[PDB]
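[1] turn this into a structure:
(2 chains)
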There are 2 protein chains.
Amino acid sequence: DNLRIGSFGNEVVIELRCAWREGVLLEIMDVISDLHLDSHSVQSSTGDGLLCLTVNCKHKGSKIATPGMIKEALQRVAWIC
Amino acid sequence: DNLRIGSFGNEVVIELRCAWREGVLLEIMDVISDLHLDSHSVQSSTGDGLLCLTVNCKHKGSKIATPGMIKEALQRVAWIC
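    Residues are numbered from 1 along each chain as shown, chains lettered A, B, ... in the order given. See the structure here:
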């Protein structure tokens, strides 16, 4: 819910803070890949049991599936604190 | 010289620079997961045609793997440059 996403060119930027669970980071990037997004740059940190994550990714092809579908897909596997 | 790996107790740190290919970042992390390592923190950036990556991971269970295995396993999908 309290996670933002932005688009400029062929690139998408995701900034989210969620509750940490074992393997959640790999799952989040897997959903990003399942959304036809190739993650090139990641900045992440942990603290107080929370994981702060920023992902800069680009589309593997067309701009298909880049609006709010990321939010629903990400919320399926991550609990935004 | 090449990309280095370190181990301290149950914690592992991976820092590598490799040639950028589409989808290589998730594949490297999948290999890290294939090494029974749970990645909690990832730092990655692109530049020229190279990908610089630093991964902080923990062992997924008592099935402890070894560094030389990590070096060889990572090279299967990433070209260290």
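[2] chain A against chain B: which residues are in contact?
    Residues of chain A lying close to chain B by Cβ under 8 Å from any Cβ of the partner chain are A:20, A:22-23, A:25-26, A:29-30, A:33, A:38-46, A:51, A:60. In short, each C-beta sits where N, CA and C put it, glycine included.
[3] could you rerun that using 6 Å?
    Counting by Cβ under 6 Å from any Cβ of the partner chain, chain A comes close to chain B at A:22-23, A:25-26, A:29, A:33, A:38-42, A:44, A:46.
[4] now those residues as CSV including neighbour count and secondary structure?
    Output for the residues of chain A next to chain B, formatted as CSV (neighbours: other Cβ atoms under 10 Å in any protein chain shown; DSSP: H, G, I helix; E, B strand; the rest coil):
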residue, neighbour count, secondary structure
A:22, 10, coil
A:23, 14, coil
A:25, 25, helix
A:26, 19, helix
A:29, 23, helix
A:33, 18, helix
A:38, 19, strand
A:39, 22, strand
A:40, 19, strand
A:41, 21, strand
A:42, 25, strand
A:44, 19, strand
A:46, 14, strand
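[5] for residue B:11, see how far away the residue lying closest to residue A:40 once chain neighbours are set aside is.
    The spatially closest residue to residue A:40, leaving aside those adjacent along the chain, is residue B:46, at 5.0 Å (Cβ to Cβ, 6 or more residues apart in numbering or on different chains). Computed as Cβ to Cβ, to the nearest Å, the residue B:46 to residue B:11 distance reads 26 Å.
[6] do residue A:10 as well
    36 Å.
[7] which strand residues bridge the residue nearest to residue A:40?
    Beta-bridge partners of residue B:46, counted by DSSP bridges, are residue B:51.
[8] what's near enough to touch the residue of chain A at minimum distance from chain B?
    In chain A, the residue that lies nearest chain B is residue A:42 (4.5 Å; Cβ to the nearest Cβ). Residue A:42 makes contact with A:55, B:42, B:44 under the criterion Cβ atoms under 6 Å, 6 or more residues apart in numbering or on different chains.
[9] report the beta-bridge partners for it.
    Beta-bridge pairing of residue A:42 under DSSP bridges involves residue A:55.
[10] since that was my last question, I'll sign off now.
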